[PDB]
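Participant: Below: one structure in structure tokens.
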Amino acid sequence: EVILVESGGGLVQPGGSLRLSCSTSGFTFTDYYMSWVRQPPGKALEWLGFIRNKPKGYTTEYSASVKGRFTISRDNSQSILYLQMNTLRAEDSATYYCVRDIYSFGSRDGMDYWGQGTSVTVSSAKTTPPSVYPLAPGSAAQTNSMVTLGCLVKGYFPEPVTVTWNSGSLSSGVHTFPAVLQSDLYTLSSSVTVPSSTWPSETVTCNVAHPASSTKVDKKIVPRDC
Amino acid sequence: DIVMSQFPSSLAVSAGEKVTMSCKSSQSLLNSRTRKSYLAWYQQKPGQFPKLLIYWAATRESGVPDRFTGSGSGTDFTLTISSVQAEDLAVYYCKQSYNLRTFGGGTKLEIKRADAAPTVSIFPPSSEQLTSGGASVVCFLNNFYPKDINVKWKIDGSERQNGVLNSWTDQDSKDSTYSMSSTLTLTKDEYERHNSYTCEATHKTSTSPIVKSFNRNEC
Ligand SMILES: N[C@H]1[C@@H](OP(=O)(O)O)O[C@H](CO[C@@H]2O[C@H](CO[C@]3(C(=O)O)C[C@@H](O[C@]4(C(=O)O)C[C@@H](O[C@]5(C(=O)O)C[C@@H](O)[C@@H](O)[C@@H]([C@H](O)CO)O5)[C@@H](O)[C@@H]([C@H](O)CO)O4)[C@@H](O)[C@@H]([C@H](O)CO)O3)[C@@H](OP(=O)(O)O)[C@H](O)[C@H]2N)[C@@H](O)[C@@H]1O
Ligand SMILES: [Mg+2]
Ligand SMILES: [Mg+2]
Ligand SMILES: [Mg+2]
């Protein structure tokens, strides 16, 4: 199984620099060209550059957009790909993807494997951890059967924040709304719906993660809101 | 360099229908020796990473459903999806690999489905938030369609349109419905000098709004 995992993302001040890493496993790293592709929130994918494979001598090439500012390198003994990003500016804020490219021209083509990507935000604003508030129904049941609960994640920076419910167990029935940036701080909420015979008799917890401030919060939803 | 472009920017069809989208390059992507055109198509569902669908203009990646077909050569290409399914909701990108690599701007495929009424839930501010001096009243409007929906907030019977923020989810990949949150944020002090809090949802599916509220004094 091919595995690509990016790390290194976070908040960088304008003019700052950052080094991203991509760990790889499951294939012979040196036989492949490797590329970096980025994507600003809500925008198109953008190819940044690649580093060729062993037969081609591992030579590098870059997009005009970052050539002279970003460089790519690879550690062939550890099978790790890097992206050195210098003199950053707002426009560089994006999710950065590590991607396996071709291994030969006549065989096939296409970027067949992609990592999950790592987010980078270029801003002068301060990293701020979130406050996680549990949202339980007010003292008013009404037509029961299914119950909806939620959790409000407020006042954090930069994006993103990851929200799961029972460590992912509660997938489906879950809706996480897009964060809204206010001033220099984001707020979002998440809702989960489960049968009333599940909650509160059984536990429901929302798990929030904010990579940038290396924070992880678990908030159990306890009855008696209002 | 080569400029890649796609059209239309967005398209919408119902499940079961066929769709075609186009991609164009500034220069030919055809290699006269191999006779192939170096163009690929990628699918990126909302919130996830891109997936390779087709390469060399018309070769489908093994495992990719046969509903996806790529065609074309030189500077003009197309991606066709026969019998679109709800899960096909995504942005599709073409990319040339003739000289380094360059992506087009993408075509967003939206899904049309039957109208569905929202399920509304209201939540008073948490005791936790009150300790910080703030008070957010939240209302979730889940699993509805079409996207257009109106929320009206009322405090003690009066309409409140200041301090309200709405946020919509992307279309659902399984049922093509939308969900939205409406949040009214006040200071703890103002929140505590009022009693009734109501959110009213007006959607195409009904002439009468769906109202949810609590009294705070009955908390
Ligand atoms: N170092 C290479 C060089 O040796 P040389 O310096 O002694 O010439 O070239 C030989 C191959 O023989 C020569 O072939 C060229 C014509 O080359 C092409 C074609 O017809 O266009 C393409 C050649 O491609 C590859 C290779 O397989 O050899 C891979 C290419 O791949 C990328 C890239 O990394 O550059 C990425 C890929 O996704 C795609 O973007 C591709 C691009 O579309 C190609 O234009 O580029 C690239 O690495 C090229 C390299 O740049 C070539 O210099 O090599 C290859 O398939 C060859 C066939 O092997 C030919 O039979 O065809 C001839 O040019 P001419 O003007 O047409 O005459 C040249 O005269 C030949 N000597 C290579 O093996 C060696 O490693
Ligand atoms: Mg590009
Ligand atoms: Mg070179
Ligand atoms: Mg298109």
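So the protein sequences, as listed, match chains A and B. Quick note: the first sequence, position 85, residue 85 per this note's numbering, numbers continuous. Every position in the second sequence, counted from 1, becomes a number in this note's numbering once 226 is added. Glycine residues also receive a C-beta, built at the ideal position from the N, C-alpha and C atoms.
Going by DSSP in three states, residue 59 of chain A sits in which element: helix, strand or coil?
Facilitator: Three-state result, residue 59 of chain A: coil.
Participant: The alpha helix (DSSP H) that contains residue 356 of chain B, what's its start and end?
Facilitator: Taken as a continuous stretch (DSSP letters only), the alpha helix (DSSP H) holding residue 356 of chain B covers 353-356.
Participant: Closer than 6 angstroms between the C-beta and any heavy atom of ligand 3: which residues qualify, listed along the chain?
Facilitator: Taking each Cβ in turn, the ones that pass are A:59 and A:61.
Participant: In chain B, which residues lie less than 7 angstroms from residue 175 of chain A when you measure between Cβ atoms?
Facilitator: Within 7 angstroms Cβ-Cβ: 368, 395 and 405.
Participant: Any beta-carbon of chain B closer than 7 angstroms to the one on residue 200 of chain A?
Facilitator: Taking Cβ atoms only, chain B never reaches closer than 7 angstroms to residue 200 of chain A, which makes this a no.
Participant: Determine the chain B residues that contact residue 46 of chain A at a beta-carbon separation under 7 angstroms, and present them in chain order.
Facilitator: Going along chain B in sequence order, the residues near residue 46 of chain A (Cβ under 7 angstroms) are 329.
Participant: Enumerated in chain order, which unbroken segments of the beta strand (DSSP E) with a length of 3 residues or greater are wholly contained in the stretch 129-188 of chain A?
Facilitator: Whole beta strand (DSSP E) segments, 3+ residues: 131-135, 146-156, 162-164, 174-176 and 180-182.
Participant: Following a CB-centred definition, is residue 114 of chain A positioned closer than 6 angstroms to any heavy atom of ligand 2?
Facilitator: It does not: the Cβ of residue 114 of chain A is nowhere closer than 6 angstroms to a heavy atom of ligand 2.
Participant: Taking the alpha-carbon positions, what's the residue 103 of chain A to residue 260 of chain B distance?
Facilitator: Between residue 103 of chain A and residue 260 of chain B, the C-alpha separation is close to 17 angstroms.
Participant: Looking at chain A, is there any beta carbon in it that lies within less than 7 angstroms of the beta carbon of residue 347 of chain B?
Facilitator: Yes, because at least one Cβ of chain A sits closer than 7 angstroms to the Cβ of residue 347 of chain B.
Participant: Rounded to the nearest angstrom, how far is the Cβ of residue 97 of chain A from that of residue 19 of chain A, given a contact under 8 angstroms?
Facilitator: About 16 angstroms separates the two Cβ atoms, so there is no contact after all.
Participant: If the cut is a Cβ gap below 9 angstroms, which residues of chain A does residue 326 of chain B touch?
Facilitator: Ordered by position in chain A, the residues that pass the 9 angstroms Cβ test against residue 326 of chain B are 47, 49, 50, 61, 62 and 63.
Participant: Determine which residues share a DSSP beta bridge with residue 210 of chain A and list them.
Facilitator: Residue 210 of chain A pairs with A:215.
Participant: Quick check on DSSP: helix, strand or coil for residue 275 of chain B?
Facilitator: Here residue 275 of chain B sits in coil by DSSP.
Participant: Count the other C-beta atoms from every protein chain shown that fall within 10 angstroms of the C-beta of residue 425 of chain B, then say buried if there are 16 or more, exposed otherwise.
Facilitator: Residue 425 of chain B comes out buried.
Participant: Any heavy atom of ligand 1 closer than 6 angstroms to the CB of residue 156 of chain A?
Facilitator: No, since every heavy atom of ligand 1 falls outside the 6 angstroms radius drawn around the Cβ of residue 156 of chain A.
Participant: Tell me whether residue 229 of chain B is buried or exposed, calling it buried when 16 or more other Cβ atoms sit within 10 Å of its Cβ.
Facilitator: Exposed is the call here.
Participant: Determine the chain A residues that contact residue 266 of chain B at a beta-carbon separation under 9 angstroms, and present them in chain order.
Facilitator: Per Cβ cutoff of 9 angstroms: 109, 110 and 111.
Participant: Tell me whether residue 36 of chain A counts as near ligand 2, meaning its Cβ is closer than 6 angstroms to at least one heavy atom of that ligand.
Facilitator: False, no ligand heavy atom lies under 6 angstroms from that Cβ.
Participant: Let me make sure I understand the geometry here. Which of A:143, A:223 and A:136 has the alpha-carbon closest to that of residue 189 of chain A?
Facilitator: The candidate whose alpha carbon is nearest that of residue 189 of chain A is A:136.
Participant: Do the stretch 156-164 of chain A and the stretch 206-216 of chain A touch if we need at least three Cβ pairs shorter than 8 angstroms?
Facilitator: Yes, the stretch 156-164 of chain A touches the stretch 206-216 of chain A.
Participant: Does residue 311 of chain B have its Cβ less than 7 angstroms from a Cβ in chain A?
Facilitator: No, residue 311 of chain B does not count as interfacial toward chain A.
Participant: Checking contacts by CB at 7 angstroms: is residue 140 of chain A closer than that to chain B?
Facilitator: Answer yes: the Cβ-Cβ gap between residue 140 of chain A and chain B drops below 7 angstroms somewhere.
Participant: Determine the contact status of residue 122 of chain A and residue 89 of chain A, defining contact as a CB-CB distance below 7 angstroms.
Facilitator: Yes, these two residues count as a Cβ contact at 7 angstroms.
Participant: What residues come near ligand 2, if near means a beta carbon less than 6 angstroms from any of its heavy atoms?
Facilitator: Listed by chain position, these are A:46, A:47, B:328 and B:329.
Participant: Measuring only the C-alpha atoms, how far is residue 8 of chain A from residue 71 of chain A?
Facilitator: Looking at the two C-alpha atoms, the distance is approximately 15 angstroms.
Participant: Touch check for the stretch 232-240 of chain B and the stretch 333-342 of chain B: three-plus C-beta pairs under 8 angstroms?
Facilitator: With the cut-off at 8 angstroms, the stretch 232-240 of chain B and the stretch 333-342 of chain B touch.
Participant: Any heavy atom of ligand 1 inside 6 angstroms of the beta-carbon of residue 450 of chain B?
Facilitator: Because chain B is modelled from 227 through 445, residue 450 of chain B falls outside the range shown and cannot be assessed.
Participant: At a CB-CB cut-off below 9 angstroms, which residues of chain B make contact with residue 117 of chain A?
Facilitator: Correct list: 275.
Participant: Identify the contact partners of residue 382 of chain B in chain A, using a Cβ-Cβ distance below 8 angstroms as the criterion.
Facilitator: The contacting residues do not exist; residue 382 of chain B stays about 16 angstroms from chain A at best.
Participant: Answer with buried or exposed for residue 116 of chain A, where buried requires no fewer than 16 other C-beta atoms within 10 angstroms of its C-beta.
Facilitator: Flag for residue 116 of chain A reads exposed.
Participant: Assign residue 251 of chain B to buried or exposed, taking buried as 16 or more other Cβ atoms, counted over all protein chains shown, within 10 Å of its Cβ.
Facilitator: Residue 251 of chain B is buried by the Cβ-count criterion.
Participant: Quick one: grab the DSSP three-state call for residue 82 of chain A.
Facilitator: Note: residue 82 of chain A maps to strand in three-state DSSP.
Participant: Considering only their Cβ atoms, is the gap separating residue 93 of chain A from residue 82 of chain A smaller than 7 angstroms?
Facilitator: Contact flag unset, no.
Participant: Name the DSSP beta bridge partners of residue 230 of chain B, please?
Facilitator: Residue 230 of chain B is bridged to B:251.
Participant: Tell me the rounded alpha-carbon separation between residue 357 of chain B and residue 146 of chain A.
Facilitator: Cα to Cα, residue 357 of chain B sits roughly 30 angstroms from residue 146 of chain A.
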